[PDB]
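Here the structure is laid out as structure tokens; the discussion comes afterwards.
Number of protein chains: 2
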Amino acid sequence: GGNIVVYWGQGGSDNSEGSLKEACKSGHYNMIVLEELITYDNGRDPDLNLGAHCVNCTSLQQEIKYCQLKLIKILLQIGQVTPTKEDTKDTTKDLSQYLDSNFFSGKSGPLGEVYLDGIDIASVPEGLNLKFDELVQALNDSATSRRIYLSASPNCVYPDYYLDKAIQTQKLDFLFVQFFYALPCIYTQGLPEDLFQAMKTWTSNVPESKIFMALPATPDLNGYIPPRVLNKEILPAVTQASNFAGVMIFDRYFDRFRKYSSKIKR
Amino acid sequence: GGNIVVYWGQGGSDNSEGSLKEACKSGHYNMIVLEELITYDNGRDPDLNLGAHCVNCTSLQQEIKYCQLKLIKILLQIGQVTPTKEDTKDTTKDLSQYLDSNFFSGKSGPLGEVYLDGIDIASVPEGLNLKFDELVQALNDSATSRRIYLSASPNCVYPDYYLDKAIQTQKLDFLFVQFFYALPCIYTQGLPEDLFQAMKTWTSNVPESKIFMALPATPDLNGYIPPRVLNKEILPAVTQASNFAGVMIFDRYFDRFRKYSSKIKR
Ligand SMILES: *[C@@H]1O[C@H](CO)[C@@H](O[C@@H]2O[C@H](CO)[C@@H](O)[C@H](O)[C@H]2NC(C)=O)[C@H](O)[C@H]1NC(C)=O
Ligand SMILES: *[C@@H]1O[C@H](CO)[C@@H](O[C@@H]2O[C@H](CO)[C@@H](O)[C@H](O)[C@H]2NC(C)=O)[C@H](O)[C@H]1NC(C)=O
Ligand code: NA
Ligand code: NA
């Protein structure tokens, strides 16, 4: 089956996109990125935002552990940095410490008593105080024997305006490169040329990281690649890169109904 | 000040984007579109999704009423239709009835004991059973003496693939035409030509509806129009349309920090 990851958490409620446990139980995925943690440039404690799944999300603990028991990695995405004009000391250091204590120590944090597998950073602006590359360095230099995977979700345009500094730390394990919405590098009908060139650029310029092609599971999003095109046309070309890792599915909501991941080649 | 509306509800928590009451109290807006209600193609009761603002959102009642007391209209956006392959009878009729009872009757629904001012529909796919134009007709033919405003948020491409049928009912009071993200009709630096042509097309083809130009409040989104450009370059041209209504701000989160609406001409 190879490596197929998925985003979950912003697809509505358990009714609309399924529980986290349902996603894991499906067997389609070996990694899930939870969307998303809101962080504060002024150092206020982060706010978890799993939409209509939960407000008290501590009961997700058992679902996270169920997933991990099935060898599925669970990463939390930082999706929003609320900016401040105030100059505040130690914001990045303090966020790293907050994350370590609340998600990477088995202690009672917003997702219950878990050890998550890592942190993803969305392609969004950093703060005047909170800096992504500094955060990546801090997390990797965490006082723990646990492995904290670090990743980012840049758009397919290289360099990514928001994430390039974090990428150039050389400390990201995975990149989920987004080939959806309107960008010059997405697949369009009968035209993978720009996608191929972008994949060449990402794989060659970030040889230290595993590169995922993040694709939409619905034809109602720009960048959609029909499964036969993906299997016969795209994967044969992009898999020539030694650091091509697999496909990241945007997102669990669309995949739950479309069963796109089910149609990807073995 | 004219007509300035804003989207609120998907900007995170009260910490990140402010409470609904804060938005109303700011005095920047005369209409707020709440994002967003999830509806079900199989007829399951809708799920409210105000992200990390609340799970039990009934206490928003007092904030909605405070807003309405300041002559601010509050509309709820349908942002997601969860599809089914099942053929289910009366889905659209039953949704209209659910909305009437739960948001337009002063009874105890998901937002407490309110009479909302209307319903907006996002540019998203309808269902195999739930149909937007039929929903608009049903809501307008509601057994009530209350005014239910109906609107949609099409992208700037005309016709809008998802919403054109609803628009052609001629029963939409407002259109919030979205000139952001990557589309051929957005403003780009020194180039309003495509935006002007799109505004001409929308205003001339939908003369029965009030047309809002929905714009991003942050330079970090495609389509951003610097305030001086908006005031001196865009508004003088587009305001020549008799049905040009004003500016819709995407969104309260960005506006709270950028104060974009504050910089729009009187
Ligand atoms: C920071 O990055 C380094 C390099 O990837 C990680 O070091 C690896 O750790 C694993 C398990 O601890 C070892 O099996 C490897 O031998 C290490 N590799 C190297 C090159 O030293 C380290 O674990 C990361 N820090 C965190 C908190 O995950
Ligand atoms: C359906 O649309 C019609 C037309 O816009 C609305 O009828 C108006 O209602 C207001 C207040 O009830 C009256 O002042 C107007 O005279 C009516 N206009 C016309 C042309 O009849 C009607 O209210 C809408 N239905 C709902 C539930 O809002
Ligand atoms: Na879709
Ligand atoms: Na921004």
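As you go down the protein sequences, you meet chains A and A' in turn. A prime marks a further copy of an entry chain.
When the count follows the entry's author numbering, it moves up by one through the first sequence with no breaks and lands on 272 for the last residue.
When the count follows the entry's author numbering, it moves up by one through the second sequence with no breaks and lands on 272 for the last residue.
Idealized CB from N, CA, C, for every residue including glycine.
(1) Contact between the region 126-135 of chain A' and the region 30-49 of chain A' is defined here as three or more beta-carbon pairs at a separation below 8 Å; is this criterion met?
(2) Could you spell out the range, first to last residue, of the beta strand (DSSP E) harbouring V120 (chain A')?
(3) Nearer than 8 Å: is that true of the beta carbon of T175 (chain A) relative to any heavy atom of ligand 4?
(4) What ranges does the beta strand (DSSP E) occupy inside the region 155-183 of chain A', keeping only unbroken runs of at least 3 residues that lie completely in it?
(5) Under 9 Å, Cβ to Cβ, is there at least one residue of chain A' near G57 (chain A)?
(6) If you measure from each residue's Cβ to the nearest non-hydrogen atom of ligand 2, which ones come out under 5 Å, in chain order?
(7) Just tell me which of A':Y13, A':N9 and A':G7 has its CA closest to the CA of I255 (chain A').
(8) Output yes if chain A places a C-beta closer than 9 Å to the C-beta of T94 (chain A'); else output no.
(9) Less than 9 Å between the C-beta atoms of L189 (chain A) and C162 (chain A), yes or no?
(10) Per DSSP, what kind of secondary structure is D261 (chain A) in: helix, strand or coil?
(11) Checking contacts by CB at 9 Å: is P89 (chain A) closer than that to chain A'?
(12) Pick out whichever of A':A247, A':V212, A':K238 and A':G252 has its Cα sitting closest to the Cα of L221 (chain A').
(13) Going by Cα to Cα distance, which pick from A:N108, A:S151, A:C30 and A:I38 is closest to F180 (chain A)?
(14) So is residue 3 (chain A') buried or exposed if we call it buried at 16+ other beta carbons inside 10 Å?
(15) Rounded to whole angstroms, what's the CA-CA distance from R262 (chain A') to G118 (chain A)? Just pull it up for me.
(16) Hey, out of A':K137, A':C191, A':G15 and A':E140, whose CA is closest to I80 (chain A')'s CA?
(17) Could one say the Cβ of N228 (chain A') lies closer than 9 Å to chain A's Cβ atoms, at least one of them?
(18) Just tell me which of A':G115, A':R264 and A':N135 has its CA closest to the CA of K95 (chain A').
(19) Does the separation of the CB atoms of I70 (chain A') and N36 (chain A') fall below 9 Å?
(20) Please compile the residues from chain A' whose C-beta is within a distance smaller than 8 Å of the C-beta of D106 (chain A).
(21) Do you know how far the Cα of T97 (chain A') is from the Cα of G17 (chain A)?
(22) List the residues that DSSP assigns as beta-bridge partners of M37 (chain A).
(23) What residues of chain A' sit near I44 (chain A), judged by a beta carbon separation below 8 Å?
(24) For ligand 4, I want to know if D226 (chain A') counts as a neighbour, meaning its beta carbon is within less than 8 Å of at least one of the ligand's heavy atoms.
For this structure:
(1) yes
(2) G118 to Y121
(3) no
(4) 155-159
(5) Judged by the 9 Å Cβ criterion, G57 (chain A) is in contact with chain A'.
(6) A':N146, A':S148, A':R153 and A':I154
(7) A':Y13
(8) no
(9) yes
(10) helix
(11) yes
(12) A':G252
(13) A:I38
(14) Chain A' is shown only over 7 to 272; residue 3 (chain A') falls outside these bounds and no answer can be derived.
(15) 32 Å
(16) A':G15
(17) yes
(18) A':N135
(19) no
(20) Under the 8 Å cutoff, chain A' gives no residues; its nearest Cβ is about 22 Å from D106 (chain A).
(21) One alpha carbon belongs to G17 (chain A), the other to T97 (chain A'), and they sit about 22 Å apart.
(22) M37 (chain A) pairs with A:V11 and A:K79.
(23) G18, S19, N21, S22 and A58
(24) yes
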